[PDB]
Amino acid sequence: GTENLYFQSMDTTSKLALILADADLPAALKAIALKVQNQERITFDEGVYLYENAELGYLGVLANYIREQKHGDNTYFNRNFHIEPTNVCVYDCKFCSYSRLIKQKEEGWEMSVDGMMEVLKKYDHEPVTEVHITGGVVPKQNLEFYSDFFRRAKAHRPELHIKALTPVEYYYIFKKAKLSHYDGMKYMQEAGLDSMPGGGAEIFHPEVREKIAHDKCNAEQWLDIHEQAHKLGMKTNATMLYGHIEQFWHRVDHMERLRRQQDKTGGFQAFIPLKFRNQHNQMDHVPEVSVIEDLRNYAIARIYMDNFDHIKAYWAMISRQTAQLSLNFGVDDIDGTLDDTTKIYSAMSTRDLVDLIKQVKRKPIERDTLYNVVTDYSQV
């Protein structure tokens, strides 16, 4: 009664070896395990096969093998802050609480360029490396507005990296400006855009996208705007909204499109699964998937996305425990709101995040825009 304890005790390489020598493991799971040992790409039908057949333990062996081969114990997080230009939107995403169908313009606010600069200036004494800019799409927040803001932010703090806006936003403002995607992203980069976050991906396949995100930019337009960014030397992230009404093959379709794009242009850094949460949206009725399904999803993302450096977990949207366990199922990269401020006159701190990473035996690296170390907290 120590067979399972023996398995759990094995290093990463030997766990993979043990699974390959198990006579009772189905031939198809072995063949995928051998592909991972040989650094061979997993095909679409193999991806769907993992989702529909592979257990958590098996997926851990393969995902953690790939994660440790690429990163060892390195677990990355950056020091950034968020500006939300508006919390109302012209689109109707069924999963989103900003949908024009459940939130009128009057419940909401709209920042001016002055307002965004006043928020940015509050961080002037923080060693933040990056600002994340995202929110609703509204017609007053146009190409002119965002180019004006990028120029002011770059003149005020030239070394602050601007990770601003998704293809959902760029499709809208380029179409209104009458700019091609290439010319628009070129213009925005000159004004001071540095990279795009991975938002607005949802699920790409029309069968799902028509039902959860009908009106905003489609898969073709999302991938095309990332292509133009990559051709201009910009790095970008990619997301996938999972655990709602999609089938497993929709997730593999989504990752397959991302993987081909990455083969063409190579500018993706991180793939960020986003777990559907059924609070405060028109998908209220839709049941959330289990923690086991979240961990299997990170694992298959690590296995499938062989040309993406980083699998990233957004800590805000999941339990502490799921975030921590994800670091053993393919995740090397963490996004959170780091908040180290002392409340003078009466939130995840760096110390709390460093402790969560060390608790599951990982090396917490605070990283810069190039994913190089600012502080290696394993030596602190």
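Residue indices: 1-based, along the sequence shown.
Gap between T341 and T342: none; every deposited residue in this span has coordinates. Comparing the deposited coordinates for 367-375 and 18-26, the stretch with the larger average C-alpha B-factor is 18-26. As recorded in the PDB entry, 95-103 is the stretch of 154-162 and 95-103 with the greater mean C-alpha temperature factor. Ranking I225, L258, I212, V131 by the C-alpha B-factor listed in the PDB entry places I212 at the top. Taking the deposited Cα B-factors for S326, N64, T337, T43, the highest one is held by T337. Per-chain ranking of the deposited C-alpha B factor places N218 in the middle third. Annotation for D332: C-alpha temperature factor in the lowest third relative to the rest of the modelled chain, per the entry. In the deposited entry, the Cα temperature factor of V138 sits in the middle third of values across the chain's modelled residues. Remark: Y49 belongs to the middle third of its chain, ranked by C-alpha B-factor as recorded.
Looking at the C-alpha B-factors along this chain, the one for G72 belongs to the lowest third.
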